[PDB]
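Report on the structure
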2 protein chains.
Amino acid sequence: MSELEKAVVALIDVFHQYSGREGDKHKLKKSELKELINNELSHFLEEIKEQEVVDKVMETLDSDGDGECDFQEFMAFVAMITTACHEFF
Amino acid sequence: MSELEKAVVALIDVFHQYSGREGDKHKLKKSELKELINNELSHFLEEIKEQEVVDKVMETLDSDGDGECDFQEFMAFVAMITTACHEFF
Ligand SMILES: N=C(N)c1ccc(OCCCCCCCOc2ccc(C(=N)N)cc2)cc1
Ligand SMILES: N=C(N)c1ccc(OCCCCCCCOc2ccc(C(=N)N)cc2)cc1
Ligand SMILES: [Ca+2]
Ligand SMILES: [Ca+2]
Ligand SMILES: [Ca+2]
Ligand SMILES: [Ca+2]
């Protein structure tokens, strides 16, 4: 498989690594999202230590108002992060 | 770096591998998009052999009507592909 194909699989893997920990196994609740950011985006994003910081990230990500981040919402997060990395080149 | 972080970098790398070949170095024209699909998505997508097949993919991807796929439009493509892989689990 190509690097692109392996990357696609990695996006799916990391979502499930975190989404299945608690509650709805197909969505990231705030606690799971905090863990994902702190453990898997430690070189790109500042560590989240306060509940209000994760509340704000979830508010940005949660487009259907259920308080959790589903797979489509996670795709949008990944697009935001990748665009940020891509910029300040 | 985490698998997620490496995946983010791979998305950026593959875009530039193809976007810089011709014309606007920051966008994929149809010919570049065809090469990317055929060479980097050969396990996920059927090979594109006809101009009309790439025309249709570009039509789907091109949200600002310039006939090319920019980085944001490529992000949307990546989201489509990843969602497809994720489904039929
Ligand atoms: N969140 C921040 N403020 C932050 C700033 C810098 C920083 O640096 C270390 C991370 C290194 C990431 C670079 C990996 C991929 O980078 C690129 C590759 C290609 C291109 C490009 N040609 N546009 C741009 C960036 C990390 C976090
Ligand atoms: N385009 C097609 N029709 C097609 C169908 C099957 C096909 O199979 C070979 C590709 C193997 C891809 C699997 C890699 C990642 O897969 C998943 C991982 C986790 C999950 C999940 N738990 N949702 C789903 C899929 C390729 C192309
Ligand atoms: Ca969950
Ligand atoms: Ca939601
Ligand atoms: Ca180009
Ligand atoms: Ca365009």
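What the deposited record gives as its method is X-ray crystallography, and the resolution it gives is 1.6500 Å.

For the rest of this paragraph, the subject is the site of ligand 2. Neighbouring ligand 2 are the residues A:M1, A:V9, A:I12, B:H43, B:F44, B:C85, B:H86, B:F88 and B:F89. Flanking ligand 2 are residues from chains A and B. Contacts to ligand 2 include B:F44, whose backbone N or O atom sits 2.8 Å from a nitrogen atom. Calculation on ligand 2 without its partners gives an accessible area of 650 Å², and the protein chains cover 53% of this total. In terms of residue class, the shell around ligand 2 is made up of seven nonpolar, two polar and no charged.

Attention shifts here to the coordination of the calcium ion (ligand 3). Residue and element names in this part refer to chain A. Protein ligation of the calcium ion (ligand 3) involves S19 (O), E22 (O), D24 (O), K27 (O), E32 (OE) and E32 (OE), the donor distances falling in the range 2.3 to 2.4 Å. Angles of 52 to 163 degrees at the metal separate the six donor atoms of the calcium ion (ligand 3), which places the site in the irregular class. Sequence spacing of the donor residues for the calcium ion (ligand 3), all on one chain, is S-x2-E-x1-D-x2-K-x4-E. Of the residues examined, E22 reaches a relative accessible area of 31% and is grouped as partly exposed.

Two side chains bearing opposite charge may form a pair once their charged atoms approach each other closely. Residue and element names in this part refer to chain A. A full pass over the atoms with the stated rule returns six salt bridges over all chains. With a shortest N-O distance of 3.2 Å, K29 and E22 are connected by a salt bridge. A salt bridge links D24 to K27; the shortest N-O distance between them is 4.0 Å. Each of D24, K27 and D66 takes part in a single network of salt bridges with overlapping partners.

On to the coordination of the calcium ion (ligand 5), then. Residues and elements named next belong to chain B. For the calcium ion (ligand 5), every protein donor is listed as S19 (O), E22 (O), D24 (O), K27 (O), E32 (OE) and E32 (OE), and the spread of their distances is 2.3 to 2.4 Å. Here the donor residues for the calcium ion (ligand 5) map to a single chain with the spacing S-x2-E-x1-D-x2-K-x4-E. On the basis of relative accessibility, which here comes to 0%, the residue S19 falls in the buried class.

Taken together, the 28 residues of chain A in the interface contact 28 residues of chain B. Both sides together, the interface formed by chain A and chain B hides about 2500 Å², and carbon and sulfur atoms give 80% of it. When the buried surface of chain A facing chain B is broken down by residue, A:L4, A:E5 and A:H86 rank first, second and third, together holding 25% of it. Taken together, chain A and chain B are joined by zero salt bridges. Elements that contribute at least two residues to the side of chain A that touches chain B include exactly α1 (3-19), α2 (30-40) and α4 (71-86) of chain A. Ranked by residues supplied to the side of chain A that touches chain B, first place goes to α1(A) with eleven residues.

Reading the values: rules and limits
- Residues numbered from 1 in each chain as written, not as in the entry; some residues may be left out.
- Chains lettered and ligands numbered in written order.
- Heavy atoms only, no water.
- Residues with missing side-chain atoms left out of burial classes, pairs and counts.
- Near = heavy atom within 4 Å.
- Polar contact = N/O pair within 3.5 Å; in protein donor to acceptor, adjacent residues only side chain to side chain.
- Areas by Shrake-Rupley, 256 points an atom, 1.4 Å probe, with all protein chains shown as cover.
- Nonpolar A, V, L, I, M, F, W, Y, C, P; charged D, E, K, R; others polar.
- Donors = N, O, S within 2.8 Å, 3.2 Å for Na, K, Ca; no water.
- Tetrahedral: all angles 85-135°; square planar, octahedral: opposite > 155°, others 65-115°.
- Buried < 20%, exposed > 50% of the residue type's maximum accessible area, 1.4 Å probe, protein only.
- Salt bridge = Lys/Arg side-chain N within 4 Å of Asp/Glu carboxyl O.
- Contact = heavy atoms within 4.5 Å.
- Buried area = accessible area lost by both parts, 1.4 Å probe.
- Helix = DSSP H or I, 4+ residues; strand = E, 2+ residues; numbered from the N terminus.

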